[PDB]
């Protein structure tokens, strides 16, 4: 059979959460890197992109576009999306808050430097007073190793990935949240995630301007 093909460019961007999720499932995948605006145009003209956008993922006979369609399919296929509809609602509620915070962080580099540290200061405030207490409260509520159902789920994977990006932005932001610290350690120590965290994995670095201008030339 065929292992899934990730079509993006060589950066975190909107593909990284899927890299984390497939790796944590222990699924091997290939990446076909888009290197120019002409590579993007070839995927368009070939009819591979429903909305002429990437992320695109070739899996199980489909060409899935949209971040949330790809992740939902992968999370369901590998039993990381809860056991029932109610657990799914909890998972979805949790991960969509994570998506909201992950979005602000993702779009820090290509905001006008006129507003960067105004935006960054509000990202930091929402972390300390809104998102980090919300999840710490969830972990305190049940005292189990995983956010939902006492079983590893996509919520745990998505949250811990964001914990890493929060650490990159301000390492002190986690310090008053002991249960988030512990989750971060336990999840990072799962053999699949620990491999993915070790060098030479498909995990991607933070975006420098070198790759920000590459993304500028590919997406115009």
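Residue numbers count along the first chain shown, from 1. Between two forms, the rigid core is defined as the largest C-alpha subset superposing within 1.5 Å.
Of the two segments 83-91 and 114-122, the one whose CA positions lie farther from the displayed form in 5 other deposited structures of this protein, once all are superposed on the rigid core, is 114-122. Here 141-149 and 106-114 are compared by their mean Cα B-factor, and 106-114 comes out higher. Once the C-alpha B-factors are averaged per stretch, 90-98 and 119-127 rank with 119-127 first.
Residue 195: CA B factor lies in the lowest third for its chain, per the PDB record.
Annotation for residue 35: C-alpha temperature factor in the highest third relative to the rest of the modelled chain, per the entry. Annotation for residue 134: C-alpha temperature factor in the middle third relative to the rest of the modelled chain, per the entry. In the deposited entry, the Cα temperature factor of residue 161 sits in the bottom third of values across the chain's modelled residues.
In the deposited entry, the Cα temperature factor of residue 67 places it in the lowest third of its chain's modelled residues.
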